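Listed next as structure tokens is one chain, alone, in the form deposited in one PDB entry.
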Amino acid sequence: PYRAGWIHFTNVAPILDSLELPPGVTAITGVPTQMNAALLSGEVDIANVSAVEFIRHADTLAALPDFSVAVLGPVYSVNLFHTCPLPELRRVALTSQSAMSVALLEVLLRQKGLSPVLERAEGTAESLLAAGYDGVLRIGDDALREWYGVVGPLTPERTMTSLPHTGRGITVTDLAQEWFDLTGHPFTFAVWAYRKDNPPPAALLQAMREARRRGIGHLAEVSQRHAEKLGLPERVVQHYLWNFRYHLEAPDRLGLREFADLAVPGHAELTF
């Protein structure tokens, strides 16, 4: 009697990994593209969609008031791999058809007065960069893995935030970090949205806030599982998760709003 469309990225494991769907709610997973359409149509009633998806449809959609995937500073999962200073960037490859990553990239390039050519294309950052592209935008787990594959290994000495930004000629620019450099504020990448008319049941909300307590309470357990199926050290994933802001607090709402005004001028009002 109530569907939900999750997009199980690593960055959301502290919330979804222990969730217990209450009586009356079902869940199904897939890719951003999938869930988005599902939410708008009705194949699903609630989903974790990108900030851009939510902003573009704020007219008919509402977001939970205390759930988000945000950060202040590096995110490590929204990376632009390039082999030449940004200003010299001429051709960029956009992977996994992400409107979120692109929207944020355009805002950043725009402010810098840049305008390289962007093209849909698939492959690893290293592949595409060896196939004519100056830069390659990547998001999600693959973005995290490839980031690590370039910089690091992360040795017992000196923290993860002590890793270089370049490796084997490739330079990894964190878009969330760029946003901080630009606004000094956090950036919100995703939220939980539902149609203003069809709000979720209380049970689901409590069930979710409880799973989150568990996830945040045992990051070492959450990290290990995923680090293993990601082929990454536990500490990398643990730090990666610790770094996320999940309660859509004022600082997150501020960043979300700053971005919404720059990428979707005249967007309906953002409600929660």
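The numbering used is simple: start at 1 and walk along the sequence shown.
One more form of this protein exists, namely the form deposited with a small molecule bound; it is left out here, but the text below deals with it.
A heavy atom within 4.5 Å of the small molecule in the deposited bound form is found for exactly one of 100, 92, 72, 172: 100. 49 is the sole member of 237, 49, 39, 63 with a non-hydrogen atom within 4.5 Å of the small molecule in the deposited bound form.
The partner is not drawn, yet in the deposited bound form one stretch among 143-151, 159-167, 185-193, 81-89 has residues with heavy atoms inside 4.5 Å of the small molecule: 185-193.
Among heavy atoms of residue 260, none comes within 4.5 Å of the small molecule in the deposited bound form. For residue 4, no non-hydrogen atom is located within 4.5 Å of the small molecule in the deposited bound form, even though that partner is not displayed. The small molecule in the deposited bound form is approached by residue 12, whose closest heavy atom lies within 4.5 angstroms of it.
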